[PDB]
J.: 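Next up is a structure, given as structure tokens.
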Amino acid sequence: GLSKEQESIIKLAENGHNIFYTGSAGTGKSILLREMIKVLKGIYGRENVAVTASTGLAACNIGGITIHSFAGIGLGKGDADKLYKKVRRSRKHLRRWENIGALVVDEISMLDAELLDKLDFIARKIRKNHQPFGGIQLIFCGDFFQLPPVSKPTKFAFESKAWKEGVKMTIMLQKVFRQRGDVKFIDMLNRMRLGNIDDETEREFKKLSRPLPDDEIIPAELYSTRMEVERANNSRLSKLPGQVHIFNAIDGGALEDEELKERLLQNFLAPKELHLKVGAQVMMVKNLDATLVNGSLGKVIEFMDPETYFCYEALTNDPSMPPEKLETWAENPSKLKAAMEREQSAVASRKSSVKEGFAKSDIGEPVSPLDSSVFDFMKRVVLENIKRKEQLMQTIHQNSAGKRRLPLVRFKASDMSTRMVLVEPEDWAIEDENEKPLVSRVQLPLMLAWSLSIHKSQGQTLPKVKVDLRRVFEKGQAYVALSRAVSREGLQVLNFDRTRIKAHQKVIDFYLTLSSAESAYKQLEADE
Amino acid sequence: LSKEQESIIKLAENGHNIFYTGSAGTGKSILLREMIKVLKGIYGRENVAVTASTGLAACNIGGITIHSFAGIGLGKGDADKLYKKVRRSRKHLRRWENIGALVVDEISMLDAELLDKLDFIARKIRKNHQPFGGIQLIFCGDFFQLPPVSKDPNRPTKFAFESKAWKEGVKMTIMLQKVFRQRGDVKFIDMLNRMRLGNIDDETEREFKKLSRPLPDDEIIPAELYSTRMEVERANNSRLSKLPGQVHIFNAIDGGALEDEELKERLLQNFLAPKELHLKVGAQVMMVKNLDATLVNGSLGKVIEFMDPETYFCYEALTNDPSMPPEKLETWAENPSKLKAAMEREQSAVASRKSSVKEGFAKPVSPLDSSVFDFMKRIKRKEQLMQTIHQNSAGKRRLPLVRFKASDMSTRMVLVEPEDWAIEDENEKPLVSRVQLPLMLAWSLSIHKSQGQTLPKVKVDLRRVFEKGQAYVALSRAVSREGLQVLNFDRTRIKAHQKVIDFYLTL
DNA sequence: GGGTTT
DNA sequence: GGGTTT
Ligand SMILES: Nc1ncnc2c1ncn2[C@@H]1O[C@H](COP(=O)(O)OP(=O)(O)O)[C@@H](O)[C@H]1O
Ligand SMILES: Nc1ncnc2c1ncn2[C@@H]1O[C@H](COP(=O)(O)OP(=O)(O)O)[C@@H](O)[C@H]1O
Ligand code: ALF
Ligand code: ALF
Ligand SMILES: [Mg+2]
Ligand SMILES: [Mg+2]
């Protein structure tokens with residue numbers, strides 16, 4: 001049930017227009033975009049639509065990747081000319097820029113003008129085409145009353161020449177869906193969007209400091225800073241039943257400033273001390289393949305070594321398999337190894353030696369048995385309780401005594417598909433001019449993700465959420481946090497301060513220039 | 001003056017290892033200045049280490065940063081790494097051997113792990129298993145003021161009093177009570193004192209909020225306090241526009257052994273020294289590098305004029321003998337070679353390497369400001385001769401000439417030259433680097449650097465307060481409410497650390 | 001303070 | 001967010 005307004009935005013995109021569309025939090029911008037992408041792929045070809053957002057989690061929300069990863073620009077810091085040369089040195093990224101017909105960019109408010117101009121420069125040069133983005137069709141989506149770009153001065157995306165020359169058409173949504181049960185809640189949010197909080201709104205938000213329902217549902221929690229988020233995630237993890245599994249990163253290398261090293265290690269995004277349990281909610285923080293990327297969300301199923309996981313995966317791919325195969329692998333692990341390995345640079349092999357000494361195996365420490373929940377896939381004819389496989393699997397797991405046990409994670413994509421991944425340690429490095437590492441880390445590419453920074457929460461729908469505004473420092477940050485909620489009953493707000501909720505005048509000015517959904521219908525009848 | 005202040009001095013004189021404390025403005029640093037004199041007469045002038053946690057707080061008592069005194073650099077490595085670094089330096093090794101007393105002011109911004117490392121270094125160097133190798137300790141400060149700064153995501157800071165070194169070394173604690181700085185306003189003192197403990201009632205909040213009114217439009221340039229360097233720099237550059245002079249621009253010169261420009265740009269972000277430094281006659285500045293015994297990080301001064309070294313040598317000669325024979329200035333004016341010969345009569349490879357980078361630090365004529373010719377105005381052919389000598393400097397760097405003032409009120413006239421900063425690998429290879437003047441504008445201060453100052457006229461903007469004790473430090477700099485303006489006061493952002501509350505209950 | 005990376 | 005160095 002897309003609205004008339006939402007569908008008209010899809011049809012304008014179908015007709016080939018360069019559009020920016022927008023609307024308050026939870027007006028269905030990303031939900032419509034999911035549908036739009038399906039039809040753009042049929043117009044341009046499945047691989048010829050770049051699906052992108054300003055953050056990894058917001059990109060995963062629509063089945064896409066970071067604009068940075070897609071473009072091939074890294075952090076995109078330098079001169080446009082250097083970035084273009086960096087991109088064309090990557091055959092994957094050069095072909096992508098030559099081949100795509102459409103570029104979808106969600107949560108665009110966090111992309112600064114300098115980035116937009118450089119992306120435009122890169123597309124024009126690669127495609128040998130002086131049209132606004134080398135002629136790529138533009139679908140820009142977001143709300144500039146939400147978070148602005150991180151400025152580490154930055155200008156908004158709509159201030160760039162690339163924007164003003166590329167964006168042909170704008171459409172504004174008005175109906176709020178996320179909080180549709182509660183019209184008074186919507187008005188509180190919409191005035192907060194514009195920075196205009198009155199006494200009754202302040203009273204109503206301050207009422208929400210009461211704790212959330214005590215149900216067994218683990219709440220989402222939103223904070224301004226990573227230190228708050230990490231503290232809240234590790235707090236929740238300690239409350240989870242179960243033995244903790246600790247993954248201590250291996251850090252190097254040669255940079256002398258100890259503090260600078262730690263600051264740089266932070267932006268590898270995986271923590272120095274990763275603590276995990278069965279059932280922990282985790283986020284992938286490295287771009288590993290097409291569908292396992294920075295922002296992919298998952299749940300820890302158990303901890304297994306690769307040998308145990310091979311048998312488990314074989315069992316989950318054929319539950320009615322005769323247990324004879326599993327018994328051979330139990331009593332003859334050399335055949336498990338051969339069976340497993342039948343299916344599977346130089347400084348690369350020197351990173352594998354470092355990864356070999358990661359999460360070191362304790363030959364003395366007893367291997368806890370597999371949580372019984374992992375055999376539920378079988379346990380949905382009296383002979384057909386030949387689930388002797390379960391004890392066979394438990395034996396094979398005990399034979400992992402003195403081997404490293406990695407988290408098995410079920411990742412869930414935005415289209416609801418799932419993927420089982422035994423998550424291996426990864427490596428991050430910053431190197432000098434002779435390729436010696438200045439700063440390096442080996443760690444699982446995971447972090448706890450019940451709690452989110454408000455930045456990474458932007459784009460999420462959170463039906464049970466606690467928000468602590470104590471450390472908000474950006475315009476729109478408080479609004480993003482509170483507008484994640486679905487119902488007032490599923491929202492707790494701590495440290496609400498109306499003086500720290502103020503909108504950017506440039507955005508107020510810009511939004512008076514935008515066209516309505518009714519003008520969108522007029523364009524469509526003009527189109528056809 | 002007070003009996004309480006004198007008795008702290010008497011205890012130190014008697015040899016005790018002392019921590020002493022009290023609310024902001026109780027005279028801890030004023031009494032420290034007299035105590036330092038007494039200790040120097042006991043141990044020897046060079047044998048009392050006078051230090052503090054920040055450069056500006058150190059200058060307030062005629063000292064230097066504890067890091068600079070210790071020889072440990074940034075002081076983040078483990079104890080054995082730092083010990084080797086210190087003893088590898090002969091000046092710092094002799095200091096650690098020779099001093100009989102170590103004075104540390106504003107001790108609340110020093111982490112416990114640093115005190116443990118200094119303890120280790122002192123015991124090893126002096127071959128002595130007593131606390132800090134038998135050095136007498138005088139620690140001073142207020143832990144309800146700012147805590148130690150750490151950018152470590154993984155390890156939280158520990159207050160100095162949590163360290164084994166403190167618990168074993170600090171034998172004696174004294175608490176001062178009478179607040180002197182806000183003497184004539186007893187209600188302001190109560191407002192500040194409960195604010196120190198995180199207690200602010202409705203009436204006190206309304207009182208602070210009333211101080212949003214502007215400060216009087218007298219001739220006096222107010223000091224201005226902000227939480228962040230960005231705010232500080234914006235305020236300093238605003239006030240720089242308020243001065244009538246012509247602007248003088250100093251652009252930094254960057255380099256390093258790195259070739260990947262996106263990493264070099266990622267790393268240059270960290271540097272204190274600006275890409276661009278703007279100065280005028282009369283600008284208030286602060287030295288940010290330790291250059292010699294009395295020109296250090298924290299030295300405050302005022303820009304007099306901008307001169308090349310040839311001109312300054314002439315100006316310096318004139319200020320050192322205003323009843324000069326004018327024939328010398330005419331000779332120098334009409335024969336700059338003789339100027340240089342006289343200049344150089346008074347006077348490596350990697351050092352000549354940067355010294356050639358430094359020669360490229362400037363490049364079109366501009367007459368001097370009439371202020372620099374004060375002479376003895378308490379017949380004057382010397383003035384326009386100096387102007388002539390100046391105009392010949394077309395085509396060379398005209399550096400800021402700065403009048404620095406120490407806390408003892410002694411002044412010092414310095415022509416300030418560029419300096420270097422580098423980020424290095426473990427073999428001291430420079431990865432990225434910057435050449436720039438060791439100066440920043442200093443009308444506005446961060447609240448961190450203000451800790452320890454007394455500011456009779458101050459504007460405070462608390463908008464970006466993020467740290468326990470920060471609002472309290474800012475507002476307690478003021479002498480009177482009449483001299484204080486407060487913007488963006490937030491009572492929720494002022495609560496004390498429970499470990500500090502607990503620590504002081506025991507004293 | 002906060003995203004972004006073969 | 002802030003501070004500390006040749
Ligand atoms: N047309 C619609 N009908 C019913 N529910 C909708 C509709 N559009 C959006 N929603 C729901 O509202 C919520 C917010 O949608 P989303 O696309 O994330 O908002 P936005 O991207 O505008 O912030 C989602 O839970 C979505 O399922
Ligand atoms: N005994 C005293 N008599 C008069 N004024 C004093 C006395 N002690 C301190 N002061 C004044 O109070 C102000 C704060 O002193 P200071 O030592 O800077 O305080 P603290 O170090 O405790 O913050 C200074 O201006 C100082 O001149
Ligand atoms: F605008 Al949204 F989730 F994308 F609130
Ligand atoms: F405690 Al102070 F200036 F040293 F307020
Ligand atoms: Mg969205
Ligand atoms: Mg003091």
Side-chain angles (χ1 to χ4, degrees), chain A residues 53-59 65-77 86 89-90 92-93 107 110-112 115 147-152 154 223-229 256-257 259 267-269 285-287 294-295 427-430 453-456 458 471-474 477, chain B residues 51-58 64-76 85 89 106 109-111 114 146-151 157 226-232 262-263 266 272 288-291 296-298 419-424 428 430 446-449 451 464-467 470:
Chain A
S54 64
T55 69
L57 191 54
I65 66 189
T66 66
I67 182 61
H68 299 77
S69 175
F70 168 77
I73 63 185
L75 290 324
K77 287 185 184 295
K86 187 197 167 83
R89 272 196 305 270
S90 191
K92 184 175 75 164
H93 290 98
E107 294 303 2
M110 274 180 287
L111 295 192
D112 83 319
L115 179 52
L147 284 167
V150 171
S151 53
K152 211 161 190 161
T154 50
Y223 306 82
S224 169
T225 69
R226 308 163 67 177
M227 197 280 283
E228 287 164 287
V229 173
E256 198 55 65
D257 186 306
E259 197 168 63
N267 294 324
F268 303 145
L269 306 173
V285 302
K286 205 173 171 79
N287 297 320
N294 182 10
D427 81 302
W428 295 257
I430 303 161
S453 72
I454 303 174
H455 279 76
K456 289 200 178 179
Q458 190 171 305
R471 288 200 180 276
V472 299
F473 60 100
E474 287 275 50
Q477 188 173 25
Chain B
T51 80
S53 58
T54 68
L56 189 61
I64 60 183
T65 68
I66 184 51
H67 299 71
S68 172
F69 166 77
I72 56 166
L74 295 176
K76 301 279 143 42
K85 173 187 190 63
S89 163
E106 292 304 0
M109 278 179 287
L110 293 198
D111 197 289
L114 168 65
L146 284 167
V149 174
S150 183
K151 303 189 94 82
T157 41
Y226 306 85
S227 177
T228 65
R229 301 178 196 126
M230 158 209 96
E231 292 162 288
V232 170
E262 272 214 84
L263 168 58
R266 189 182 172 188
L272 175 169
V288 294
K289 199 160 175 304
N290 312 310
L291 304 185
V296 294
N297 189 5
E419 297 295 343
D420 323 319
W421 292 254
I423 296 163
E424 304 156 9
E428 288 179 87
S446 67
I447 297 172
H448 280 75
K449 284 202 208 289
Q451 180 169 318
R464 308 274 214 171
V465 153
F466 60 90
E467 195 79 293
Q470 201 175 14

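Proteins get letters first, then strands, A, B, ... in listed order; numbering begins at 1 in each. Computation of the quantities below employed the complete heavy-atom set of this structure, encompassing side-chain atoms and omitting hydrogens, waters and symmetry-equivalent molecules.
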J.: Supply the atom-to-atom distance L110(B) CG to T157(B) OG1, rounded to the nearest 0.5 angstrom.
T.: 12.0 Å

J.: Quick one: on DNA chain D, does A422(B) or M230(B) contact a more 5' nucleotide (nearest heavy atom)?
T.: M230(B)

J.: Is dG3(D) syn or is it anti, if syn means the base angle is within 90 degrees of 0?
T.: anti

J.: Categorize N267(A) for me: base, sugar-phosphate, or nothing, with a 4.0 angstrom heavy-atom threshold over every strand shown.
T.: base

J.: If you look at every strand shown and take non-hydrogen atoms under 4.0 Å, does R266(B) touch a base, only sugar-phosphate, or nothing?
T.: base

J.: Regarding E419(B), tell me which of base, sugar-phosphate or nothing describes its non-hydrogen contacts under 4.0 Å with the strands shown.
T.: nothing

J.: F69(B) or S227(B): which one's nearest nucleotide on DNA chain D is closer to the 5' end?
T.: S227(B)

J.: So what does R226(A) hit on the nucleic acid, given a heavy-atom distance under 4.0 Å: a base, only sugar-phosphate, or nothing?
T.: sugar-phosphate

J.: Which is true for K286(A) with a 4.0 Å heavy-atom rule: it touches a base, it touches only sugar-phosphate, or it touches nothing?
T.: nothing

J.: So what does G72(A) touch, heavy atoms closer than 4.0 Å: a base, only the sugar-phosphate, or nothing?
T.: nothing

J.: Taking any atom under 4.0 angstrom from a heavy atom of chain A, which nucleotides of DNA chain C are the first and last to qualify, 5' to 3'?
T.: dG1(C) to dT6(C)

J.: Under the ring-ring contact (aromatic ring centres under 6.0 Å, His included) test, which residues partner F70(A), sequence neighbours left out?
T.: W97(A)

J.: Just to verify, what does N287(A) make a side chain to side chain donor-acceptor pair (under 3.5 Å) with, not counting sequence neighbours?
T.: none

J.: Using a heavy-atom cut-off of 4.0 Å across all strands, would you classify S151(A) as base, sugar-phosphate, or nothing?
T.: base

J.: With sequence neighbours excluded, what pairs up with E228(A) under the side-chain contact (heavy atoms from CB on, under 4.5 Å) test?
T.: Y223(A), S224(A), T225(A), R231(A), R470(A), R471(A)

J.: For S90(A), which residues count as a side chain to side chain donor-acceptor pair (under 3.5 Å) partner, sequence neighbours excluded?
T.: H93(A)

J.: Check every strand shown and say whether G75(B) touches a base, only sugar-phosphate, or nothing at a heavy-atom separation below 4.0 Å.
T.: nothing

J.: By the 4.0 Å heavy-atom rule, please label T225(A) as base, sugar-phosphate, or nothing.
T.: base

J.: For a quick test of reading the model, state the closest non-hydrogen atom pair linking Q477(A) to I454(A) and the distance between them.
T.: O-CG2, 3.3 Å

J.: Base, sugar-phosphate, or nothing: which does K152(A) touch, judged by heavy atoms less than 4.0 Å apart?
T.: base

J.: On DNA chain C, check which nucleotide each of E231(B) and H93(A) is closest to and give me the residue with the more 5' one.
T.: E231(B)

J.: Test of understanding: with side chain to side chain donor-acceptor pair (under 3.5 Å), list the residues that count as partners of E256(A), not counting sequence neighbours.
T.: none

J.: Need the pucker for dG3(C). North if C1'-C2'-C3'-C4' is positive, south if negative.
T.: south

